[PDB]
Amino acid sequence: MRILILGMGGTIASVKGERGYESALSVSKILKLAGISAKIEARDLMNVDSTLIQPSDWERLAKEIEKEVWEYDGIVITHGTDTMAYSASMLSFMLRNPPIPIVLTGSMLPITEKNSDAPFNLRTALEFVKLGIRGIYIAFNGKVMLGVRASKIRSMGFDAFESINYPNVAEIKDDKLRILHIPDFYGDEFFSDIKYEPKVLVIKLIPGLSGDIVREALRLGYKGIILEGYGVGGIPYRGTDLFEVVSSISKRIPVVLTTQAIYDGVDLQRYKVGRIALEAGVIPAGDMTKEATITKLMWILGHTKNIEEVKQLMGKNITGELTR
């Protein structure tokens, strides 16, 4: 059992510097502070403060994993929690059909604070990686979730991540990691497509919102747009020019409609506003997580800019991110 642990930074690598928490620990030091020591090779790719991860970092990470995926039985990645779901999802699209278990983890409190969750999360990730279930996951607060289905719903409590609209892959019961179900949508060939278009915009739909910002986003050069709507989905065509503007922008760049809600997702077929929105050209996000949605659109935009192709790829279940 040979395991590789890559560091990305985050709270798990943070410490109080009188100026609040700030990334300061290397991966090897994180492991020792946690009291962990199977052959484990620790490596620092970078040590970025939480909230500072950028798309560029996904590329570096993907390339690193790509050249080690055949030299290890499992890979664990210590990451900041704020953007963990983004990284997990983007990696899932870039590294399809991984041969080994790749699991991202982190913590809500640095290893230096009491009652820290870091050791527990490190332990759980390592425990899961020894089970041999390939794919990309997130291990947090005693659970292992498929990365592309994970979302951060809490900003402080220990149970910050939840598998949305999909069941947990593994859980701790009677002090042991029990497998609940094995994700089975992986093919044979492992291919890497480390290509994407980072410039997309995510706007929340609020009552009274105008389309001027959408028109301006196209002019600024955004290659795609995601609107966070209400309930099951629909664009307002009353009192504002939002609808007429979207009907036009959606023919030049993809305009994806997602939900402000956390559970259940979108279904543009349900209400009249939804059907009208579907006519304007908005692309449905199904039951995908916000993170999977955003990263998928970026990934897709890195391969094509044809609205029709984007619409089809968006509604396609590429790596278990959506239920059809």
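For every residue, the number given is its place in the sequence shown, counted from 1.
Item to check | Sequence continuity check, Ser37 and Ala38 (deposited residues unmodelled) | outcome: The entry has a short gap there, with 1 to 3 residues left out between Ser37 and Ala38.
Item to check | 149-157 versus 168-176 - which carries the larger mean C-alpha B factor in the record | outcome: Per the deposited B-factors, the answer is 168-176.
Checklist entry - Going by the B-factors listed in the PDB entry, is the mean over the C-alpha atoms higher for 295-303 or for 264-272? => result According to the PDB entry, the answer is 264-272.
Checklist entry - Per the coordinate record, which of the options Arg123, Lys143, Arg219, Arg238 holds the highest CA temperature factor? => result Among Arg123, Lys143, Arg219, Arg238, the PDB entry lists the largest C-alpha B-factor for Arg238.
Checklist entry - Checking the entry, which one of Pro207, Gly233, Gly211, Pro101 has the top C-alpha B factor? => result Of the candidates given, the C-alpha B-factor peaks at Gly233.
Checklist entry - Relative to the other modelled residues in the chain, which third contains the C-alpha temperature factor of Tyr137: lowest, middle or highest? => result Bottom third by C-alpha B-factor.
Item to check | Chain third (lowest, middle, highest) by recorded CA B-factor, residue given as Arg96 | outcome: Middle third, going by the recorded CA B-factors of the chain.
Checklist entry - Lowest, middle or highest third of the chain for the C-alpha temperature factor of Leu278? => result Highest third - that is where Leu278 ends up once the chain's C-alpha B-factors are sorted.
Next on the checklist: Quick check on the deposited entry: does the C-alpha B-factor of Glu162 sit in the lowest, middle or highest third of its chain?
Outcome noted: Answer is middle: the recorded C-alpha B-factor places it there.
Checklist entry - Among the modelled residues of its chain, does the C-alpha B-factor of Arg215 lie in the lowest, middle or highest third? => result According to the entry, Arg215 has a C-alpha B-factor in the chain's middle third.
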